[PDB]
Structures are given as C-alpha cells and as structure tokens.
>>> print(open('start.cif').read())   # mmCIF, C-alpha atoms and all ligand atoms
data_protein
#
loop_
_atom_site.label_atom_id
_atom_site.label_comp_id
_atom_site.auth_asym_id
_atom_site.auth_seq_id
_atom_site.Cartn_x
_atom_site.Cartn_y
_atom_site.Cartn_z
CA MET A 1 164.00 49.52 90.66
CA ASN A 2 164.30 53.10 92.03
CA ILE A 3 161.91 56.07 92.60
CA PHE A 4 162.19 57.15 88.98
CA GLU A 5 161.42 53.71 87.61
CA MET A 6 158.68 53.30 90.14
CA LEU A 7 156.96 56.51 89.35
CA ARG A 8 157.41 55.98 85.63
CA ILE A 9 155.42 52.81 86.00
CA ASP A 10 152.72 54.40 88.18
CA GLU A 11 152.35 57.57 86.06
CA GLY A 12 152.98 56.45 82.49
CA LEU A 13 154.39 58.67 79.75
CA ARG A 14 152.21 60.82 77.45
CA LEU A 15 153.55 63.54 75.23
CA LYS A 16 150.34 65.38 74.66
CA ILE A 17 148.19 67.10 77.22
CA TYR A 18 145.70 64.66 78.71
CA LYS A 19 143.56 64.37 81.86
CA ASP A 20 144.80 62.49 84.89
CA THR A 21 142.75 60.18 87.11
CA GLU A 22 141.11 63.15 88.79
CA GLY A 23 140.24 64.78 85.48
CA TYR A 24 143.08 67.36 85.62
CA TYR A 25 145.22 68.42 82.73
CA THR A 26 148.62 66.76 82.90
CA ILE A 27 151.45 65.88 80.54
CA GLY A 28 154.62 63.79 80.46
CA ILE A 29 155.25 61.58 83.43
CA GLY A 30 152.46 62.61 85.72
CA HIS A 31 153.30 66.34 85.47
CA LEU A 32 150.15 68.05 86.76
CA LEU A 33 149.57 71.24 84.86
CA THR A 34 146.60 72.77 86.65
CA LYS A 35 143.35 71.87 88.33
CA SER A 36 141.62 74.37 86.05
CA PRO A 37 138.94 73.13 83.70
CA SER A 38 140.37 75.42 81.06
CA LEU A 39 142.49 73.75 78.41
CA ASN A 40 143.92 77.11 77.52
CA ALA A 41 144.98 77.64 81.06
CA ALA A 42 146.68 74.25 80.93
CA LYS A 43 148.48 75.15 77.76
CA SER A 44 149.70 78.33 79.33
CA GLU A 45 151.10 76.43 82.30
CA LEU A 46 152.81 73.98 79.90
CA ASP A 47 154.46 76.72 77.98
CA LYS A 48 155.65 78.38 81.12
CA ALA A 49 156.90 75.05 82.43
CA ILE A 50 158.84 74.20 79.26
CA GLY A 51 159.98 77.69 78.35
CA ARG A 52 158.49 77.70 74.84
CA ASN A 53 155.29 78.08 72.92
CA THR A 54 154.24 74.49 72.62
CA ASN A 55 150.66 74.09 71.69
CA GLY A 56 150.20 71.07 74.05
CA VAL A 57 152.87 68.60 72.73
CA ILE A 58 156.28 67.99 74.17
CA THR A 59 159.24 65.78 73.45
CA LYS A 60 160.40 62.80 75.53
CA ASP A 61 163.42 64.74 76.62
CA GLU A 62 161.20 67.57 77.76
CA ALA A 63 158.91 65.20 79.63
CA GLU A 64 161.90 63.71 81.42
CA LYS A 65 163.15 67.14 82.34
CA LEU A 66 159.89 68.00 84.14
CA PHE A 67 159.93 64.52 85.71
CA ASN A 68 163.37 65.00 87.14
CA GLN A 69 162.26 68.42 88.46
CA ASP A 70 159.12 66.93 89.94
CA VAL A 71 160.89 64.08 91.74
CA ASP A 72 163.45 66.52 93.07
CA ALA A 73 160.69 68.81 94.28
CA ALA A 74 158.94 65.94 95.99
CA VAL A 75 162.01 64.95 97.91
CA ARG A 76 162.57 68.59 98.74
CA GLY A 77 159.08 68.97 100.10
CA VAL A 78 159.51 65.92 102.31
CA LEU A 79 162.72 67.24 103.80
CA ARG A 80 161.17 70.62 104.56
CA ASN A 81 158.01 69.30 106.16
CA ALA A 82 158.00 68.89 109.90
CA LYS A 83 155.61 66.04 109.76
CA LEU A 84 157.24 64.14 106.98
CA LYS A 85 160.88 64.58 107.50
CA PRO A 86 161.11 62.54 110.62
CA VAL A 87 159.30 59.65 109.08
CA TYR A 88 161.37 59.81 105.97
CA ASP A 89 164.51 59.93 107.98
CA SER A 90 163.41 56.83 109.92
CA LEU A 91 162.87 54.74 106.80
CA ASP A 92 165.07 52.44 104.73
CA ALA A 93 165.65 53.41 101.03
CA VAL A 94 162.81 51.33 99.55
CA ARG A 95 160.30 52.68 101.92
CA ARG A 96 161.53 56.21 101.47
CA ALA A 97 160.78 55.85 97.74
CA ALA A 98 157.20 54.76 98.61
CA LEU A 99 156.71 57.96 100.64
CA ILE A 100 158.11 60.08 97.84
CA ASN A 101 155.70 58.34 95.50
CA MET A 102 152.79 59.39 97.66
CA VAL A 103 154.02 63.00 97.81
CA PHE A 104 154.41 63.20 94.05
CA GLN A 105 150.86 61.97 93.69
CA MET A 106 149.12 63.99 96.40
CA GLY A 107 151.54 66.72 97.40
CA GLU A 108 153.37 67.50 100.71
CA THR A 109 150.33 68.77 102.38
CA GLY A 110 148.14 65.78 101.43
CA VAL A 111 150.55 63.13 102.73
CA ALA A 112 151.38 65.19 105.82
CA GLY A 113 147.76 64.66 106.81
CA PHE A 114 148.08 60.89 107.03
CA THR A 115 148.92 61.39 110.67
CA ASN A 116 148.09 58.00 112.01
CA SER A 117 149.68 56.10 109.14
CA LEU A 118 152.79 58.20 109.46
CA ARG A 119 153.00 57.32 113.09
CA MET A 120 152.65 53.61 112.36
CA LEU A 121 155.34 53.91 109.76
CA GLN A 122 157.72 55.65 112.16
CA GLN A 123 156.97 52.87 114.69
CA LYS A 124 157.82 50.30 112.05
CA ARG A 125 154.41 48.59 112.48
CA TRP A 126 154.28 47.49 108.82
CA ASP A 127 151.10 45.50 108.67
CA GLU A 128 149.19 47.98 110.74
CA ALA A 129 150.39 50.92 108.73
CA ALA A 130 149.36 49.11 105.54
CA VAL A 131 145.87 48.52 106.90
CA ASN A 132 145.59 52.09 107.95
CA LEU A 133 146.84 53.46 104.69
CA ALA A 134 144.08 51.66 102.84
CA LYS A 135 141.43 53.58 104.74
CA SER A 136 141.59 56.62 102.48
CA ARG A 137 140.13 58.33 99.56
CA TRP A 138 143.54 57.73 97.90
CA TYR A 139 143.19 53.96 98.15
CA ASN A 140 139.55 54.05 97.01
CA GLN A 141 140.17 56.23 93.97
CA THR A 142 143.43 54.60 92.79
CA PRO A 143 143.37 51.16 94.30
CA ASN A 144 145.92 49.35 92.14
CA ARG A 145 148.47 52.04 92.43
CA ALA A 146 147.82 52.44 96.17
CA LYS A 147 148.13 48.71 96.62
CA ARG A 148 151.54 48.86 95.02
CA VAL A 149 152.75 51.61 97.25
CA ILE A 150 151.24 50.02 100.35
CA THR A 151 152.92 46.69 99.57
CA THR A 152 156.18 48.57 99.29
CA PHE A 153 155.68 50.05 102.76
CA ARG A 154 154.57 46.74 104.12
CA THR A 155 157.51 44.69 102.84
CA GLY A 156 160.33 47.07 102.24
CA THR A 157 160.81 45.28 98.84
CA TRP A 158 160.00 46.14 95.23
CA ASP A 159 157.88 42.99 94.75
CA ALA A 160 154.81 45.02 93.70
CA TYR A 161 156.74 46.62 90.88
CA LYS A 162 158.57 43.60 89.92
CA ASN A 163 157.56 42.63 86.46
CA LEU A 164 155.66 45.79 85.48
CL CL B 1 157.07 73.29 86.59
CL CL B 2 144.98 52.57 90.32
K K B 3 149.21 59.64 84.95
#
>>> encode(input="start.cif", output="structure tokens")
Amino acid sequence: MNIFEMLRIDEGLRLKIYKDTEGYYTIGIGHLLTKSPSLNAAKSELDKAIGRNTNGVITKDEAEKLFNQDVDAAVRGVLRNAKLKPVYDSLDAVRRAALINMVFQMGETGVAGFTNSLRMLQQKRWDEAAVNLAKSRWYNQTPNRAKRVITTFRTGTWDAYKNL
C-alpha cells in the first residue's frame, strides 16, 4: 500500500466525465474538473488539462498522468502550508499518506482548517484525533472513506485498505 494505491481505491477510475460525490464534474482518478454546473465548462477544463480536444473521454494513461500531477500537487500544497507542514513533518509515512489523502479530497485550505484535529495529530493523541476528525461535514458526507482515513491516522497501519 502507498498513497497512490490508497487514493486509487478511494477515488476509483473512470475514463469519461462523471459527477463526484458532491455533484461536480470529474474524470480519471478523482481529478476534479470544475465546480461549475456547466458540462461544457467541464469539457473545456478537461481539454486544457490534457492538452487536446477530447470531447469528455480520456485514456488510462492520460488519467494516470493527471493523477500523478494531482498527488504531486497535494504533497506540494502540504509542504507550502504553514499549518500543515509542521504536522506532516511530525508524522510517520503511513500517517503522512492519510493527510495527503485528505488534501487531495478537500484541498490545502480545507484541511488546514481542521485546527483542533491537526493539533491532536501533532501531539500524537491518536484516539482523540480520530474522534475529533469524525466531527465534520467530511465524515458525514463520505463516511466510509473518512472512516478509512481516520483508521489510518488512528493506527498508523494500512488495515483499513487491506483487502480493498
Ligand atoms: Cl490540471
Ligand atoms: Cl464514503
Ligand atoms: K471519485
């Protein structure tokens, strides 16, 4: 297990434009295109993202290319954020992947707002952090996925992803 495998499980793989859990146009491995309700707008973003006139369908290779870019960007955002970096730096590799997961899902800004949870994580108060994490819109809207991530922070193991 690693961040790529983890996110591939949490995000799936779809080669045609579809709507994510929030109703937003996405493609590939959780690559958010736009929050716009306009499919055309989404197609335009896709084309720009891939570098070609696609008409809403991409190849597996293409999907993976955006995925790699997206994971990289997530990590990059964590390292640049004053709130996140310190936590990230304080974590072991498994846990670091769980934080990246959250950032891919909600963005730098969104995770940076989990102030209290972040603090518990930096204090290495696993159970408490887990409890706190669950008190969020994130957990309520995507409970199975959140549970997986939370378990990862709680245990520092990949048990939640084991066998998926
Ligand atoms: Cl992009
Ligand atoms: Cl879920
Ligand atoms: K998805």
>>> residues_around(input="start.cif", residues="residue 62 (chain A)", least_positions_apart="5", cutoff="10 Å", atoms="only C-alpha atoms", output="list in words")
residues 15, 28, 49, 50, 57, 67 and 68 of chain A
>>> atom_distance(input="start.cif", atom1="CA of residue 12 (chain A)", atom2="CA of residue 30 (chain A)")
7.0 Å
>>> residues_near_ligand(input="start.cif", ligand="ligand CL 1 (chain B)", cutoff="9 Å", atoms="all atoms listed in the file", output="PyMOL selection string")
chain A and resi 31-33+45-46+48-50+66+69-70
>>> closest_atom_pairs(input="start.cif", of="chain A", to="ligand K 3 (chain B)", cutoff="10 Å", atoms="all atoms listed in the file", output="tab-separated table")
residue	atom	partner	partner_atom	distance
A:7	CA	B:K3	K	9.4
A:8	CA	B:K3	K	9.0
A:9	CA	B:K3	K	9.3
A:10	CA	B:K3	K	7.1
A:11	CA	B:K3	K	3.9
A:12	CA	B:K3	K	5.5
A:13	CA	B:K3	K	7.4
A:14	CA	B:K3	K	8.2
A:18	CA	B:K3	K	8.7
A:19	CA	B:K3	K	8.0
A:20	CA	B:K3	K	5.3
A:21	CA	B:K3	K	6.8
A:22	CA	B:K3	K	9.6
A:24	CA	B:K3	K	9.9
A:25	CA	B:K3	K	9.9
A:26	CA	B:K3	K	7.4
A:27	CA	B:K3	K	8.0
A:28	CA	B:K3	K	8.2
A:29	CA	B:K3	K	6.5
A:30	CA	B:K3	K	4.5
A:31	CA	B:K3	K	7.9
A:32	CA	B:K3	K	8.7
A:105	CA	B:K3	K	9.2
>>> closest_residue(input="start.cif", among="A:16, A:99, A:3, A:108", to="residue 56 (chain A)", atoms="all atoms listed in the file")
A:16
>>> residues_near_ligand(input="start.cif", ligand="ligand CL 2 (chain B)", cutoff="8 Å", atoms="only C-alpha atoms and all ligand atoms", output="ChimeraX atom specification")
/A:141-146
>>> residues_around(input="start.cif", residues="residue 130 (chain A)", least_positions_apart="5", cutoff="8 Å", atoms="only C-alpha atoms", output="list in words")
residues 117, 150, 151, 153 and 154 of chain A
>>> closest_residue(input="start.cif", among="A:95, A:84, A:89, A:73", to="residue 158 (chain A)", atoms="only C-alpha atoms")
A:95
>>> axis_aligned_box(input="start.cif", around="region 89-104 of chain A", padding_each_side="8 Å", output="lines of an AutoDock Vina configuration file")
center_x = 159.2
center_y = 57.3
center_z = 102.0
size_x = 28.9
size_y = 27.9
size_z = 31.9
>>> closest_residue(input="start.cif", among="A:96, A:80, A:119, A:124", to="residue 149 (chain A)", atoms="all atoms listed in the file")
A:96
>>> atom_distance(input="start.cif", atom1="CA of residue 147 (chain A)", atom2="CA of residue 87 (chain A)")
20.0 Å
>>> atom_distance(input="start.cif", atom1="CA of residue 85 (chain A)", atom2="CA of residue 118 (chain A)")
10.5 Å
>>> closest_residue(input="start.cif", among="A:98, A:75, A:63, A:82", to="residue 2 (chain A)", atoms="only C-alpha atoms")
A:98
>>> build_atoms(input="start.cif", residues="region 117-133 of chain A", atoms="N, CA, C and O atoms", output="mmCIF file, in the frame of the given file")
data_model
loop_
_atom_site.group_PDB
_atom_site.id
_atom_site.type_symbol
_atom_site.label_atom_id
_atom_site.label_comp_id
_atom_site.auth_asym_id
_atom_site.auth_seq_id
_atom_site.Cartn_x
_atom_site.Cartn_y
_atom_site.Cartn_z
ATOM 1 N N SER A 117 148.870 57.026 109.927
ATOM 2 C CA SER A 117 149.680 56.100 109.140
ATOM 3 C C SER A 117 151.154 56.395 109.315
ATOM 4 O O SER A 117 151.984 55.476 109.440
ATOM 5 N N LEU A 118 151.428 57.707 109.304
ATOM 6 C CA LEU A 118 152.790 58.200 109.460
ATOM 7 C C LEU A 118 153.398 57.698 110.764
ATOM 8 O O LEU A 118 154.546 57.232 110.863
ATOM 9 N N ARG A 119 152.570 57.781 111.791
ATOM 10 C CA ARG A 119 153.000 57.320 113.090
ATOM 11 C C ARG A 119 153.309 55.830 113.066
ATOM 12 O O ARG A 119 154.347 55.391 113.593
ATOM 13 N N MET A 120 152.418 55.050 112.425
ATOM 14 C CA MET A 120 152.650 53.610 112.360
ATOM 15 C C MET A 120 153.926 53.335 111.590
ATOM 16 O O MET A 120 154.701 52.454 111.969
ATOM 17 N N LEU A 121 154.121 54.107 110.529
ATOM 18 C CA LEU A 121 155.340 53.910 109.760
ATOM 19 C C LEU A 121 156.588 54.208 110.616
ATOM 20 O O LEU A 121 157.569 53.474 110.589
ATOM 21 N N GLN A 122 156.584 55.306 111.342
ATOM 22 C CA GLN A 122 157.720 55.650 112.160
ATOM 23 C C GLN A 122 157.913 54.561 113.221
ATOM 24 O O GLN A 122 159.038 54.292 113.635
ATOM 25 N N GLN A 123 156.830 53.920 113.681
ATOM 26 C CA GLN A 123 156.970 52.870 114.690
ATOM 27 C C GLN A 123 157.396 51.569 114.093
ATOM 28 O O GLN A 123 157.618 50.616 114.847
ATOM 29 N N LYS A 124 157.465 51.512 112.761
ATOM 30 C CA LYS A 124 157.820 50.300 112.050
ATOM 31 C C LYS A 124 156.805 49.145 112.249
ATOM 32 O O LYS A 124 157.133 47.932 112.280
ATOM 33 N N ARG A 125 155.529 49.545 112.353
ATOM 34 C CA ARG A 125 154.410 48.590 112.480
ATOM 35 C C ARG A 125 153.795 48.422 111.088
ATOM 36 O O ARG A 125 152.740 49.008 110.794
ATOM 37 N N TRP A 126 154.543 47.676 110.250
ATOM 38 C CA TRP A 126 154.280 47.490 108.820
ATOM 39 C C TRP A 126 152.880 47.090 108.400
ATOM 40 O O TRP A 126 152.231 47.753 107.565
ATOM 41 N N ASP A 127 152.424 45.999 108.980
ATOM 42 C CA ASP A 127 151.100 45.500 108.670
ATOM 43 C C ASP A 127 150.027 46.477 109.085
ATOM 44 O O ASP A 127 149.075 46.750 108.343
ATOM 45 N N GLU A 128 150.203 47.049 110.276
ATOM 46 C CA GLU A 128 149.190 47.980 110.740
ATOM 47 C C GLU A 128 149.127 49.249 109.903
ATOM 48 O O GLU A 128 148.086 49.832 109.633
ATOM 49 N N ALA A 129 150.311 49.713 109.538
ATOM 50 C CA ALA A 129 150.390 50.920 108.730
ATOM 51 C C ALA A 129 149.662 50.669 107.393
ATOM 52 O O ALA A 129 148.911 51.505 106.908
ATOM 53 N N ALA A 130 149.929 49.486 106.822
ATOM 54 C CA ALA A 130 149.360 49.110 105.540
ATOM 55 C C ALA A 130 147.862 49.113 105.617
ATOM 56 O O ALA A 130 147.214 49.590 104.704
ATOM 57 N N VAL A 131 147.312 48.576 106.723
ATOM 58 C CA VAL A 131 145.870 48.520 106.900
ATOM 59 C C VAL A 131 145.318 49.927 106.977
ATOM 60 O O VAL A 131 144.310 50.318 106.365
ATOM 61 N N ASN A 132 146.040 50.730 107.757
ATOM 62 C CA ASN A 132 145.590 52.090 107.950
ATOM 63 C C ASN A 132 145.660 52.915 106.670
ATOM 64 O O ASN A 132 144.792 53.729 106.374
ATOM 65 N N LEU A 133 146.701 52.697 105.901
ATOM 66 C CA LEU A 133 146.840 53.460 104.690
ATOM 67 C C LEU A 133 145.665 53.286 103.734
ATOM 68 O O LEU A 133 145.269 54.191 102.982
#
